[PDB]
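Student: Contents are mmCIF, C-alpha atoms; file name query28.cif:
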data_model
loop_
_atom_site.group_PDB
_atom_site.id
_atom_site.type_symbol
_atom_site.label_atom_id
_atom_site.label_comp_id
_atom_site.auth_asym_id
_atom_site.auth_seq_id
_atom_site.Cartn_x
_atom_site.Cartn_y
_atom_site.Cartn_z
ATOM 1 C CA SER A 1 114.800 93.707 232.940
ATOM 2 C CA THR A 2 115.267 90.932 230.387
ATOM 3 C CA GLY A 3 116.453 87.340 230.289
ATOM 4 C CA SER A 4 117.918 85.143 227.547
ATOM 5 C CA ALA A 5 118.624 81.409 227.760
ATOM 6 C CA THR A 6 119.635 78.723 225.306
ATOM 7 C CA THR A 7 117.297 75.765 224.907
ATOM 8 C CA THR A 8 118.681 72.435 223.696
ATOM 9 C CA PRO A 9 117.025 69.352 222.181
ATOM 10 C CA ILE A 10 117.162 66.399 224.617
ATOM 11 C CA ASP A 11 117.771 63.887 221.821
ATOM 12 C CA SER A 12 118.339 63.466 218.089
ATOM 13 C CA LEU A 13 114.583 63.653 217.352
ATOM 14 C CA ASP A 14 113.888 66.980 219.135
ATOM 15 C CA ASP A 15 111.466 65.068 221.386
ATOM 16 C CA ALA A 16 111.708 67.967 223.849
ATOM 17 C CA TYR A 17 113.943 70.908 224.784
ATOM 18 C CA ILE A 18 115.731 71.689 228.077
ATOM 19 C CA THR A 19 116.735 75.107 229.328
ATOM 20 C CA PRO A 20 119.039 75.659 232.330
ATOM 21 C CA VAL A 21 117.347 77.297 235.336
ATOM 22 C CA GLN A 22 119.008 78.538 238.522
ATOM 23 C CA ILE A 23 117.033 77.786 241.710
ATOM 24 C CA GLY A 24 117.940 78.793 245.226
ATOM 25 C CA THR A 25 120.909 80.254 247.061
ATOM 26 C CA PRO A 26 123.615 79.254 246.193
ATOM 27 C CA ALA A 27 122.298 78.466 242.737
ATOM 28 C CA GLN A 28 121.206 74.954 241.960
ATOM 29 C CA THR A 29 121.026 74.584 238.193
ATOM 30 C CA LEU A 30 118.394 72.258 236.809
ATOM 31 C CA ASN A 31 117.505 71.625 233.170
ATOM 32 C CA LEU A 32 113.792 72.258 232.733
ATOM 33 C CA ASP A 33 111.242 71.688 229.995
ATOM 34 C CA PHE A 34 109.685 75.084 229.255
ATOM 35 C CA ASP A 35 106.040 74.280 228.603
ATOM 36 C CA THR A 36 103.664 76.921 227.204
ATOM 37 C CA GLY A 37 100.889 74.315 227.611
ATOM 38 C CA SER A 38 101.003 74.120 231.421
ATOM 39 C CA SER A 39 101.503 76.429 234.371
ATOM 40 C CA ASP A 40 103.403 74.583 237.088
ATOM 41 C CA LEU A 41 107.141 74.938 237.746
ATOM 42 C CA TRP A 42 107.978 71.586 239.312
ATOM 43 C CA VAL A 43 111.297 69.823 239.905
ATOM 44 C CA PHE A 44 112.845 66.527 240.851
ATOM 45 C CA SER A 45 114.025 67.076 244.399
ATOM 46 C CA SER A 46 115.429 65.615 247.569
ATOM 47 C CA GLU A 47 111.820 64.721 248.408
ATOM 48 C CA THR A 48 111.164 62.639 245.276
ATOM 49 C CA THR A 49 110.582 58.915 245.956
ATOM 50 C CA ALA A 50 114.046 57.425 245.536
ATOM 51 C CA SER A 51 112.912 54.586 243.259
ATOM 52 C CA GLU A 52 111.477 57.211 240.873
ATOM 53 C CA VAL A 53 114.715 59.170 240.390
ATOM 54 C CA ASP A 54 117.146 57.868 237.726
ATOM 55 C CA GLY A 55 119.827 60.273 236.617
ATOM 56 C CA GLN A 56 118.049 63.592 237.060
ATOM 57 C CA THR A 57 119.554 66.547 238.873
ATOM 58 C CA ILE A 58 117.559 67.299 242.000
ATOM 59 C CA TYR A 59 116.626 70.443 243.863
ATOM 60 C CA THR A 60 117.467 70.276 247.557
ATOM 61 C CA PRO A 61 115.537 73.027 249.422
ATOM 62 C CA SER A 62 117.419 72.435 252.691
ATOM 63 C CA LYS A 63 120.622 73.582 250.962
ATOM 64 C CA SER A 64 119.072 76.875 249.852
ATOM 65 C CA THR A 65 119.190 79.789 252.262
ATOM 66 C CA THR A 66 116.324 81.478 250.384
ATOM 67 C CA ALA A 67 113.987 78.445 250.291
ATOM 68 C CA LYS A 68 110.807 78.587 252.392
ATOM 69 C CA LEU A 69 108.123 75.905 252.674
ATOM 70 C CA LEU A 70 104.784 77.190 251.405
ATOM 71 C CA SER A 71 102.934 75.683 254.314
ATOM 72 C CA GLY A 72 99.939 73.543 253.500
ATOM 73 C CA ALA A 73 100.323 73.788 249.720
ATOM 74 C CA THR A 74 100.254 70.706 247.507
ATOM 75 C CA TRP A 75 100.123 70.141 243.769
ATOM 76 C CA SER A 76 99.163 67.390 241.397
ATOM 77 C CA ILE A 77 99.199 67.448 237.644
ATOM 78 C CA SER A 78 98.458 65.125 234.736
ATOM 79 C CA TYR A 79 99.551 65.838 231.183
ATOM 80 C CA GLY A 80 97.995 65.027 227.807
ATOM 81 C CA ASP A 81 100.395 62.141 227.255
ATOM 82 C CA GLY A 82 99.131 60.530 230.473
ATOM 83 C CA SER A 83 102.165 61.330 232.598
ATOM 84 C CA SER A 84 101.836 62.937 236.031
ATOM 85 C CA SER A 85 103.586 64.226 239.108
ATOM 86 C CA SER A 86 102.707 65.610 242.539
ATOM 87 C CA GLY A 87 104.209 66.990 245.716
ATOM 88 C CA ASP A 88 104.518 70.015 247.969
ATOM 89 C CA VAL A 89 105.717 73.576 247.437
ATOM 90 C CA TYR A 90 108.569 75.891 248.310
ATOM 91 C CA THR A 91 109.108 79.526 247.417
ATOM 92 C CA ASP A 92 112.651 80.365 246.343
ATOM 93 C CA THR A 93 114.678 82.552 244.013
ATOM 94 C CA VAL A 94 114.545 81.456 240.369
ATOM 95 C CA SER A 95 116.619 82.913 237.543
ATOM 96 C CA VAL A 96 116.395 82.242 233.805
ATOM 97 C CA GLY A 97 119.084 83.618 231.524
ATOM 98 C CA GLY A 98 119.933 86.487 233.874
ATOM 99 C CA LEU A 99 116.318 87.255 234.802
ATOM 100 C CA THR A 100 115.532 86.785 238.494
ATOM 101 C CA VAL A 101 112.224 86.242 240.283
ATOM 102 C CA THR A 102 112.133 86.185 244.061
ATOM 103 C CA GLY A 103 109.390 84.230 245.846
ATOM 104 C CA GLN A 104 108.674 81.948 242.896
ATOM 105 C CA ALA A 105 106.632 78.862 243.692
ATOM 106 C CA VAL A 106 108.931 75.863 243.166
ATOM 107 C CA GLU A 107 106.840 72.715 243.242
ATOM 108 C CA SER A 108 108.812 69.844 244.700
ATOM 109 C CA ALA A 109 107.918 66.392 243.383
ATOM 110 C CA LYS A 110 107.246 63.620 245.886
ATOM 111 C CA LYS A 111 105.980 61.377 243.073
ATOM 112 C CA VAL A 112 106.556 61.259 239.311
ATOM 113 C CA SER A 113 105.208 58.821 236.724
ATOM 114 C CA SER A 114 107.507 56.421 234.918
ATOM 115 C CA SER A 115 107.748 58.607 231.820
ATOM 116 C CA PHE A 116 109.513 61.274 233.868
ATOM 117 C CA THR A 117 111.752 58.782 235.696
ATOM 118 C CA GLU A 118 112.775 57.285 232.362
ATOM 119 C CA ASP A 119 113.824 60.632 230.926
ATOM 120 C CA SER A 120 117.169 61.349 232.587
ATOM 121 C CA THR A 121 117.658 64.610 230.713
ATOM 122 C CA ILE A 122 114.619 66.447 232.110
ATOM 123 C CA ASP A 123 114.870 67.684 235.717
ATOM 124 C CA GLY A 124 111.429 69.277 235.751
ATOM 125 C CA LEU A 125 109.005 71.535 233.903
ATOM 126 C CA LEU A 126 108.640 75.347 233.828
ATOM 127 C CA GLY A 127 105.080 76.228 232.893
ATOM 128 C CA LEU A 128 104.393 79.243 230.694
ATOM 129 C CA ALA A 129 100.645 78.974 230.096
ATOM 130 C CA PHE A 130 98.298 81.212 232.050
ATOM 131 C CA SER A 131 98.379 81.039 235.842
ATOM 132 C CA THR A 132 94.723 80.045 235.987
ATOM 133 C CA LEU A 133 95.891 76.497 235.101
ATOM 134 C CA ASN A 134 98.288 76.267 238.045
ATOM 135 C CA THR A 135 97.463 73.226 240.172
ATOM 136 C CA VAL A 136 98.740 74.412 243.562
ATOM 137 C CA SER A 137 96.121 74.044 246.253
ATOM 138 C CA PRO A 138 94.575 75.636 248.285
ATOM 139 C CA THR A 139 96.283 78.820 247.038
ATOM 140 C CA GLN A 140 96.937 78.870 243.286
ATOM 141 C CA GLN A 141 100.386 80.159 242.332
ATOM 142 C CA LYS A 142 101.694 82.340 239.482
ATOM 143 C CA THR A 143 104.020 81.243 236.690
ATOM 144 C CA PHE A 144 107.602 82.495 236.401
ATOM 145 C CA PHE A 145 106.512 84.729 233.500
ATOM 146 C CA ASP A 146 103.562 86.155 235.415
ATOM 147 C CA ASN A 147 105.816 86.973 238.366
ATOM 148 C CA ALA A 148 108.460 88.515 236.109
ATOM 149 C CA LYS A 149 106.021 90.469 233.934
ATOM 150 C CA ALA A 150 105.904 93.827 235.686
ATOM 151 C CA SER A 151 109.701 93.982 235.847
ATOM 152 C CA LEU A 152 110.164 93.095 232.188
ATOM 153 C CA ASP A 153 111.036 95.799 229.638
ATOM 154 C CA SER A 154 108.109 94.468 227.641
ATOM 155 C CA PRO A 155 105.588 91.877 228.890
ATOM 156 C CA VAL A 156 106.568 89.175 226.398
ATOM 157 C CA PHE A 157 108.642 86.087 226.005
ATOM 158 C CA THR A 158 109.726 84.477 222.740
ATOM 159 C CA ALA A 159 110.355 80.912 221.691
ATOM 160 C CA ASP A 160 112.965 80.239 219.017
ATOM 161 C CA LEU A 161 113.297 76.458 218.859
ATOM 162 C CA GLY A 162 115.927 74.840 216.676
ATOM 163 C CA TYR A 163 115.624 71.926 214.293
ATOM 164 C CA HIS A 164 118.182 69.408 215.492
ATOM 165 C CA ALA A 165 120.005 72.361 217.068
ATOM 166 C CA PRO A 166 119.942 74.747 220.014
ATOM 167 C CA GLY A 167 117.667 77.754 220.158
ATOM 168 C CA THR A 168 116.581 80.483 222.505
ATOM 169 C CA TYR A 169 113.969 81.599 225.013
ATOM 170 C CA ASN A 170 113.987 85.355 225.587
ATOM 171 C CA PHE A 171 112.061 87.251 228.249
ATOM 172 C CA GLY A 172 111.130 90.875 228.049
ATOM 173 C CA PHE A 173 112.338 91.736 224.565
ATOM 174 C CA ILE A 174 112.000 90.830 220.906
ATOM 175 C CA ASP A 175 115.275 90.039 219.118
ATOM 176 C CA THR A 176 114.779 91.575 215.676
ATOM 177 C CA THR A 177 117.881 89.763 214.375
ATOM 178 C CA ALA A 178 116.322 86.396 215.109
ATOM 179 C CA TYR A 179 113.719 86.287 212.333
ATOM 180 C CA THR A 180 113.136 87.240 208.722
ATOM 181 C CA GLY A 181 110.374 89.448 207.328
ATOM 182 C CA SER A 182 107.690 90.647 209.723
ATOM 183 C CA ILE A 183 105.966 89.202 212.788
ATOM 184 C CA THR A 184 102.258 88.548 212.188
ATOM 185 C CA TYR A 185 100.207 88.828 215.356
ATOM 186 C CA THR A 186 96.983 86.960 215.955
ATOM 187 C CA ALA A 187 94.307 87.011 218.706
ATOM 188 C CA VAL A 188 94.535 84.753 221.777
ATOM 189 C CA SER A 189 91.757 83.315 223.900
ATOM 190 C CA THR A 190 92.694 82.720 227.521
ATOM 191 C CA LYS A 191 89.315 81.135 228.335
ATOM 192 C CA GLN A 192 90.856 77.665 228.760
ATOM 193 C CA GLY A 193 94.147 78.897 230.225
ATOM 194 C CA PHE A 194 96.166 78.213 227.071
ATOM 195 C CA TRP A 195 97.852 80.270 224.386
ATOM 196 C CA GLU A 196 94.835 79.455 222.202
ATOM 197 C CA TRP A 197 94.509 80.933 218.710
ATOM 198 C CA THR A 198 92.924 80.318 215.322
ATOM 199 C CA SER A 199 95.014 79.427 212.292
ATOM 200 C CA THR A 200 93.594 80.617 208.971
ATOM 201 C CA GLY A 201 94.296 77.419 207.036
ATOM 202 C CA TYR A 202 96.883 75.092 205.559
ATOM 203 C CA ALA A 203 98.647 73.800 202.461
ATOM 204 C CA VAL A 204 100.350 70.443 201.763
ATOM 205 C CA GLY A 205 103.625 70.717 199.827
ATOM 206 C CA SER A 206 103.208 72.937 196.782
ATOM 207 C CA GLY A 207 99.422 72.540 196.893
ATOM 208 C CA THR A 208 96.880 75.336 197.025
ATOM 209 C CA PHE A 209 96.107 76.887 200.353
ATOM 210 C CA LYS A 210 92.862 75.870 202.006
ATOM 211 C CA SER A 211 91.219 78.694 203.921
ATOM 212 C CA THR A 212 89.690 77.189 207.016
ATOM 213 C CA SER A 213 89.689 78.124 210.716
ATOM 214 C CA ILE A 214 91.696 75.804 212.971
ATOM 215 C CA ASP A 215 91.467 76.545 216.701
ATOM 216 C CA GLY A 216 94.557 75.313 218.518
ATOM 217 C CA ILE A 217 97.125 75.981 221.226
ATOM 218 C CA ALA A 218 100.750 76.989 220.935
ATOM 219 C CA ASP A 219 102.414 74.353 223.117
ATOM 220 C CA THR A 220 106.217 74.091 223.449
ATOM 221 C CA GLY A 221 105.746 71.106 225.749
ATOM 222 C CA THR A 222 104.183 68.914 223.050
ATOM 223 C CA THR A 223 106.499 67.324 220.502
ATOM 224 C CA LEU A 224 104.278 66.934 217.454
ATOM 225 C CA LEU A 225 101.623 68.826 215.443
ATOM 226 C CA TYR A 226 98.076 67.600 216.180
ATOM 227 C CA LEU A 227 95.386 68.728 213.750
ATOM 228 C CA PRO A 228 91.889 67.667 212.674
ATOM 229 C CA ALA A 229 91.605 64.254 211.048
ATOM 230 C CA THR A 230 90.536 65.791 207.697
ATOM 231 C CA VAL A 231 93.704 67.913 207.535
ATOM 232 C CA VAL A 232 96.025 65.121 208.629
ATOM 233 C CA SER A 233 94.483 62.736 206.118
ATOM 234 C CA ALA A 234 95.027 65.284 203.301
ATOM 235 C CA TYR A 235 98.695 65.536 204.322
ATOM 236 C CA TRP A 236 99.522 61.831 204.557
ATOM 237 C CA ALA A 237 97.647 61.049 201.330
ATOM 238 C CA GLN A 238 100.558 62.791 199.589
ATOM 239 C CA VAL A 239 103.103 60.331 201.014
ATOM 240 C CA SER A 240 103.369 57.025 199.154
ATOM 241 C CA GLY A 241 102.711 54.138 201.498
ATOM 242 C CA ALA A 242 101.697 56.249 204.497
ATOM 243 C CA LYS A 243 98.988 54.817 206.712
ATOM 244 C CA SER A 244 97.352 55.237 210.091
ATOM 245 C CA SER A 245 98.359 52.325 212.335
ATOM 246 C CA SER A 246 96.326 51.597 215.464
ATOM 247 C CA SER A 247 99.079 49.213 216.575
ATOM 248 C CA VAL A 248 101.651 52.021 216.509
ATOM 249 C CA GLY A 249 99.265 54.781 217.583
ATOM 250 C CA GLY A 250 99.242 57.079 214.587
ATOM 251 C CA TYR A 251 100.404 57.739 211.054
ATOM 252 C CA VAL A 252 103.546 55.929 209.916
ATOM 253 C CA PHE A 253 105.329 56.170 206.574
ATOM 254 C CA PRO A 254 108.059 54.314 204.723
ATOM 255 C CA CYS A 255 111.434 55.620 205.879
ATOM 256 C CA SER A 256 112.429 55.752 202.177
ATOM 257 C CA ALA A 257 109.876 58.544 201.589
ATOM 258 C CA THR A 258 110.528 62.206 200.972
ATOM 259 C CA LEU A 259 108.007 64.194 202.973
ATOM 260 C CA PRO A 260 106.208 67.273 201.613
ATOM 261 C CA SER A 261 106.238 70.498 203.562
ATOM 262 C CA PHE A 262 103.203 71.654 205.536
ATOM 263 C CA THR A 263 102.082 75.275 205.569
ATOM 264 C CA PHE A 264 99.836 76.823 208.239
ATOM 265 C CA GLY A 265 98.162 80.226 208.162
ATOM 266 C CA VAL A 266 98.676 83.028 210.625
ATOM 267 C CA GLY A 267 96.260 85.699 209.461
ATOM 268 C CA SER A 268 97.342 86.517 205.908
ATOM 269 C CA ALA A 269 100.839 85.172 206.572
ATOM 270 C CA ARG A 270 102.157 81.639 206.081
ATOM 271 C CA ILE A 271 104.565 79.480 208.056
ATOM 272 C CA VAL A 272 106.216 76.629 206.193
ATOM 273 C CA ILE A 273 107.202 73.470 208.038
ATOM 274 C CA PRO A 274 109.855 71.676 205.972
ATOM 275 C CA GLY A 275 109.144 68.044 205.284
ATOM 276 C CA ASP A 276 112.263 66.949 207.211
ATOM 277 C CA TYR A 277 110.722 68.427 210.393
ATOM 278 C CA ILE A 278 107.851 65.945 210.083
ATOM 279 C CA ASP A 279 110.169 62.882 210.178
ATOM 280 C CA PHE A 280 110.444 61.326 213.659
ATOM 281 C CA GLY A 281 112.390 58.282 212.605
ATOM 282 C CA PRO A 282 111.922 54.537 212.880
ATOM 283 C CA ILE A 283 109.065 53.415 215.103
ATOM 284 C CA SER A 284 111.609 51.066 216.692
ATOM 285 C CA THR A 285 115.364 50.713 216.236
ATOM 286 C CA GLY A 286 116.160 49.311 212.824
ATOM 287 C CA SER A 287 112.597 49.555 211.529
ATOM 288 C CA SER A 288 111.879 50.800 208.013
ATOM 289 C CA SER A 289 108.555 52.217 209.210
ATOM 290 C CA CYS A 290 108.899 55.840 210.373
ATOM 291 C CA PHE A 291 106.666 57.847 212.687
ATOM 292 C CA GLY A 292 104.975 60.991 211.363
ATOM 293 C CA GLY A 293 105.251 64.387 213.016
ATOM 294 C CA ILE A 294 101.726 65.378 212.017
ATOM 295 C CA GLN A 295 99.014 63.414 213.788
ATOM 296 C CA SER A 296 95.267 63.569 214.336
ATOM 297 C CA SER A 297 93.901 65.513 217.298
ATOM 298 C CA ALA A 298 90.644 63.527 217.173
ATOM 299 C CA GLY A 299 90.114 62.290 220.713
ATOM 300 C CA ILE A 300 92.541 64.780 222.264
ATOM 301 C CA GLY A 301 89.761 67.330 222.191
ATOM 302 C CA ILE A 302 92.002 70.156 221.068
ATOM 303 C CA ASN A 303 94.399 70.924 218.215
ATOM 304 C CA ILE A 304 98.022 71.362 219.298
ATOM 305 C CA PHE A 305 100.682 73.415 217.575
ATOM 306 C CA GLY A 306 103.582 71.601 219.204
ATOM 307 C CA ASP A 307 107.325 71.774 218.574
ATOM 308 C CA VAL A 308 107.042 70.492 214.985
ATOM 309 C CA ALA A 309 105.152 73.667 214.075
ATOM 310 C CA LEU A 310 106.697 76.105 216.512
ATOM 311 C CA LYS A 311 110.329 75.310 215.601
ATOM 312 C CA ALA A 312 109.614 76.455 212.029
ATOM 313 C CA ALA A 313 108.905 79.948 213.422
ATOM 314 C CA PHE A 314 110.039 82.737 215.687
ATOM 315 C CA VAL A 315 107.118 82.890 218.137
ATOM 316 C CA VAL A 316 106.142 85.812 220.373
ATOM 317 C CA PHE A 317 104.053 85.121 223.447
ATOM 318 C CA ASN A 318 102.659 88.588 224.211
ATOM 319 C CA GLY A 319 101.340 88.771 227.776
ATOM 320 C CA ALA A 320 100.020 92.314 227.548
ATOM 321 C CA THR A 321 96.610 92.983 229.100
ATOM 322 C CA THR A 322 95.156 91.725 225.837
ATOM 323 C CA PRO A 323 97.415 88.832 225.005
ATOM 324 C CA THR A 324 98.382 87.885 221.476
ATOM 325 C CA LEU A 325 100.639 85.449 219.608
ATOM 326 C CA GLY A 326 103.105 86.519 216.942
ATOM 327 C CA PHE A 327 104.703 84.325 214.284
ATOM 328 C CA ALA A 328 107.593 85.106 211.961
ATOM 329 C CA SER A 329 109.585 82.999 209.533
ATOM 330 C CA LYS A 330 113.280 82.581 210.321
#
Take the structure I supplied and represent it as structure tokens, if you would.
Tutor:
Amino acid sequence: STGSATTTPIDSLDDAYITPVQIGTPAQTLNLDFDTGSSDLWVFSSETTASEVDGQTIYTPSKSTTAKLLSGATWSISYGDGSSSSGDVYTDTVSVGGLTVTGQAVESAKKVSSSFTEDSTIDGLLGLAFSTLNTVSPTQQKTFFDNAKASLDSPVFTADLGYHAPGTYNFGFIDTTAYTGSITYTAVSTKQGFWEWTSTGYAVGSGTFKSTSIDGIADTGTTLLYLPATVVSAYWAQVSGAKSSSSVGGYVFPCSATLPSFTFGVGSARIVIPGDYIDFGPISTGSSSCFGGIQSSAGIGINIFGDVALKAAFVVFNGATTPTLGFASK
């Protein structure tokens, strides 16, 4: 089996991407944030505190003939941006782009933090990291991908995120029309539950490539590219007037600037992030100070190849017994 679904930016900055997901019988379609950096599929629901729902589409288990309470199970998660959610658990039928899993754990939110309430376009998250990070207790649950894996033509999914445009998540096959050149595959460590890999270096604009190992995670659920302070400093030093602002919470640059590209290494291959991808617009409406898409990971504790990096590539998440990551230009 295979699945294929379109994923759409939630706003003009590509702050996140939503993909339609069918849950239950009859289908209830919710727009979820596919997150390769976490492993819970959770939704706004009929059980979510009413004051904490503002515009989202909710899952109502009582209206699904295939929904069953997973008795005793609870979940609670906190994300790297400080947001959180928690609740109880149902199993139900979940389909993505024609691909159906029966008995999928659907985590129903009783509580969500304000960040989630305030984002009307996101009805929940669909985790695609490794199932060892799943927060369901006392019985940990598998991700959608893990459940689908054995039925898939090939045990892979791919992320093809668009720049200010729709893109695609595919399950179970690699679309050879979707990228240019070859896919370069690189080793993954699952030791921390993430799609964790080591980039072989970087270049700023038309500068020479610096060979240096950068351990990081491929995370579709993070907006920006977070790299070591040395690297990020070398990048922003090439932008006139750029500076790190503690008041704003990272590097800003004059909106009149033209940004250089950023290149990262995948083995002997290179992925180029166009400078435009690194522009996240005025820090506040009408401001002439713009927020940078490359930021320091110092104090996160991990480097994150978020959407800024991933949307410059066709990315294969290979969940074979020995998992790997593949990157191609597109």
Student: Name the closest residue to residue 100 in chain A among the candidates A:56, A:2, A:39, A:246; distances are taken between atoms, counting only C-alpha atoms.
Tutor: A:2
Student: Residues near residue 112 in chain A, anyone? I mean within 9 Å using all atoms listed in the file, not counting same-chain ones fewer than 3 positions away, as a list in words.
Tutor: residues 44, 48, 49, 52, 53, 83, 84, 85, 86, 87, 109, 115, 116 and 117 of chain A
Student: I'd like the residues picked by the PyMOL selection byres ((chain A and resi 203) around 10) written out as a list in words, using the chain letters and numbers from the file.
Tutor: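 On the file shown, the PyMOL selection byres ((chain A and resi 203) around 10) covers residues 201, 202, 204, 205, 206, 207, 208, 209, 210, 211, 231, 234, 235, 261, 262, 263, 264, 265, 270, 271 and 272 of chain A.
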Student: What lies within 6 Å of range 128-130 of chain A using all atoms listed in the file, ignoring chain neighbours under 4 positions off, as a list in words?
Tutor: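 Near range 128-130 of chain A, the qualifying residues are residues 35, 36, 37, 38, 39, 193 and 194 of chain A.
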Student: Considering all atoms listed in the file, can you say which of A:226, A:145, A:314, A:253 comes closest to residue 298 in chain A?
Tutor: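 Once distances to residue 298 in chain A are computed over all atoms listed in the file, the minimum belongs to A:226.
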Student: Evaluate the PyMOL selection byres ((chain A and resi 245) around 12) on the structure here and hand back the selected residues as a PyMOL selection string.
Tutor: chain A and resi 241-244+246-253+283+289-292+295-296
Student: Please write as number ranges by chain the full residue list that the PyMOL selection byres ((chain A and resi 154-162) around 8) yields on this file.
Tutor: A: 7-9, 145, 149-150, 152-153, 163-174, 307, 310-320
Student: Could the residues in this selection be written to a file with C-alpha atoms, as a PDB file, in the coordinates of the input?
Tutor:
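result_4.pdb was written with the following content:
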ATOM      1  CA  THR A   7     117.297  75.765 224.907  1.00  0.00           C
ATOM      2  CA  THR A   8     118.681  72.435 223.696  1.00  0.00           C
ATOM      3  CA  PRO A   9     117.025  69.352 222.181  1.00  0.00           C
ATOM      4  CA  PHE A 145     106.512  84.729 233.500  1.00  0.00           C
ATOM      5  CA  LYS A 149     106.021  90.469 233.934  1.00  0.00           C
ATOM      6  CA  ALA A 150     105.904  93.827 235.686  1.00  0.00           C
ATOM      7  CA  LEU A 152     110.164  93.095 232.188  1.00  0.00           C
ATOM      8  CA  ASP A 153     111.036  95.799 229.638  1.00  0.00           C
ATOM      9  CA  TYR A 163     115.624  71.926 214.293  1.00  0.00           C
ATOM     10  CA  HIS A 164     118.182  69.408 215.492  1.00  0.00           C
ATOM     11  CA  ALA A 165     120.005  72.361 217.068  1.00  0.00           C
ATOM     12  CA  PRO A 166     119.942  74.747 220.014  1.00  0.00           C
ATOM     13  CA  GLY A 167     117.667  77.754 220.158  1.00  0.00           C
ATOM     14  CA  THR A 168     116.581  80.483 222.505  1.00  0.00           C
ATOM     15  CA  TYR A 169     113.969  81.599 225.013  1.00  0.00           C
ATOM     16  CA  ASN A 170     113.987  85.355 225.587  1.00  0.00           C
ATOM     17  CA  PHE A 171     112.061  87.251 228.249  1.00  0.00           C
ATOM     18  CA  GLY A 172     111.130  90.875 228.049  1.00  0.00           C
ATOM     19  CA  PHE A 173     112.338  91.736 224.565  1.00  0.00           C
ATOM     20  CA  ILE A 174     112.000  90.830 220.906  1.00  0.00           C
ATOM     21  CA  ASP A 307     107.325  71.774 218.574  1.00  0.00           C
ATOM     22  CA  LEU A 310     106.697  76.105 216.512  1.00  0.00           C
ATOM     23  CA  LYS A 311     110.329  75.310 215.601  1.00  0.00           C
ATOM     24  CA  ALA A 312     109.614  76.455 212.029  1.00  0.00           C
ATOM     25  CA  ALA A 313     108.905  79.948 213.422  1.00  0.00           C
ATOM     26  CA  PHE A 314     110.039  82.737 215.687  1.00  0.00           C
ATOM     27  CA  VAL A 315     107.118  82.890 218.137  1.00  0.00           C
ATOM     28  CA  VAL A 316     106.142  85.812 220.373  1.00  0.00           C
ATOM     29  CA  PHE A 317     104.053  85.121 223.447  1.00  0.00           C
ATOM     30  CA  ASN A 318     102.659  88.588 224.211  1.00  0.00           C
ATOM     31  CA  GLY A 319     101.340  88.771 227.776  1.00  0.00           C
ATOM     32  CA  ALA A 320     100.020  92.314 227.548  1.00  0.00           C
TER      33      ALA A 320
END
Student: Mind pulling up the distance from CA of residue 121 in chain A to CA of residue 275 in chain A?
Tutor: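 Between CA of residue 275 in chain A and CA of residue 121 in chain A the gap works out to 27.0 Å.
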Student: Could you check the closest approach to residue 258 in chain A for each of A:218, A:309, A:278, A:273 and tell me which residue wins, using only C-alpha atoms?
Tutor: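 When distances to residue 258 in chain A are compared using only C-alpha atoms, the smallest one comes from A:278.
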Student: Smallest atom-to-atom distance to residue 308 in chain A: which of A:135, A:328, A:13, A:142, using all atoms listed in the file?
Tutor: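 Of the candidates, the smallest distance to residue 308 in chain A is held by A:13.
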Student: Residues within 7 Å of residue 58 in chain A, please, as number ranges by chain. Count only C-alpha atoms; anything in the same chain fewer than 4 positions from it doesn't count.
Tutor: A: 44-46, 123
Student: Ranking A:133, A:94, A:306, A:232 by minimum distance to residue 192 in chain A and counting all atoms listed in the file, which one comes first?
Tutor: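 Selected residue with least distance to residue 192 in chain A: A:133.
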Student: Do you have the CA of residue 125 in chain A-CA of residue 55 in chain A distance handy?
Tutor: 15.9 Å
Student: In Å to one decimal, how far is CA of residue 63 in chain A from CA of residue 51 in chain A?
Tutor: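 Computed distance, CA of residue 51 in chain A to CA of residue 63 in chain A, equals 21.9 Å.
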Student: Leaving out residue 96 in chain A and any residue of its chain fewer than 5 positions from it, which residues lie within 7 Å of it when counting only C-alpha atoms, given as a list in words?
Tutor: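 Residues meeting the cut-off are residues 3, 5, 21 and 22 of chain A.
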Student: Would you list the contacts of residue 73 in chain A as a ChimeraX atom specification, taking every protein, DNA or RNA residue within 8 Å and counting all atoms listed in the file, but skipping same-chain residues closer than 5 positions in sequence?
Tutor: /A:88-89,136-139
Student: Closest to residue 6 in chain A among A:31, A:297, A:230, A:93, using only C-alpha atoms?
Tutor: A:31
Student: Counting all atoms listed in the file, which residues have an atom no more than 10 Å from (116.8, 59.7, 219.4) in the file's coordinates? Please list them as a PyMOL selection string.
Tutor: chain A and resi 10-15+280-282+285
Student: Show me as a ChimeraX atom specification the residues that reach within 10 Å of (110.1, 79.3, 250.8), counting only C-alpha atoms and using the file's own coordinates.
Tutor: /A:24,61,64-71,89-93,102-106
